[PDB]
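Residue numbers (the authors' numbering), protein chains in the order written: chain A, 52 to 102; chain W, 153 to 203.
These notes concern the structure reproduced below.
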Amino acid sequence: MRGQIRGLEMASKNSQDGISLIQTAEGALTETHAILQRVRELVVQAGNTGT
Amino acid sequence: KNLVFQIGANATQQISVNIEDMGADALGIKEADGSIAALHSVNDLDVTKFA
C-alpha cells in the first residue's frame, strides 16, 4: 500500500511536469500561429495583383 | 493578363478587370482597322485631305 501511495503521489508530480512540458510546446505553437497569420495576410495582399 | 484583385479572405473571391486605349483607340472589330479606325485617332485626316 505504501508503495502505491508514494508512487501515486510521485505519479501525480509526473503528470504535473507533463502538463508543464506540454504548456511549453503549446506556447511555441501559439507564436507559430501568430506568425502563420502574418504569413496568410502577406499572401492575401501579395495575391492582390494589379496593385 | 487580367487585373486580378484580391477582395476576400478566401479562394476565388476575386475580381477580374481589363483596360485598353492608346493612339489606336478608334473604331475596331478585332483589331482597329487599316486605313480607318486607328489613324482617326493617330493621324486625323485634315492635312489637305478634306478639300
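Backbone N, C-alpha and C fix where the C-beta goes; we use that ideal spot for every residue, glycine too.
Taking a beta-carbon distance threshold of 8 Å, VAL194 (chain W) does not count as an interface residue toward chain A.
In this structure, DSSP gives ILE70 (chain A) a helical state, which the three-state scheme calls helix.
Shown here, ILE56 (chain A) sits in a helix according to DSSP, grouped into three states. In this structure the region 59 to 67 of chain A does not touch the region 76 to 83 of chain A; the number of beta carbon pairs closer than 8 Å is below three. In the DSSP assignment, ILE167 (chain W) forms a beta bridge with W:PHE157.
Looking from the CA of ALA176 (chain W), the closest CA among W:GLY186, W:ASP198, W:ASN170 and W:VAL169 belongs to W:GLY186.
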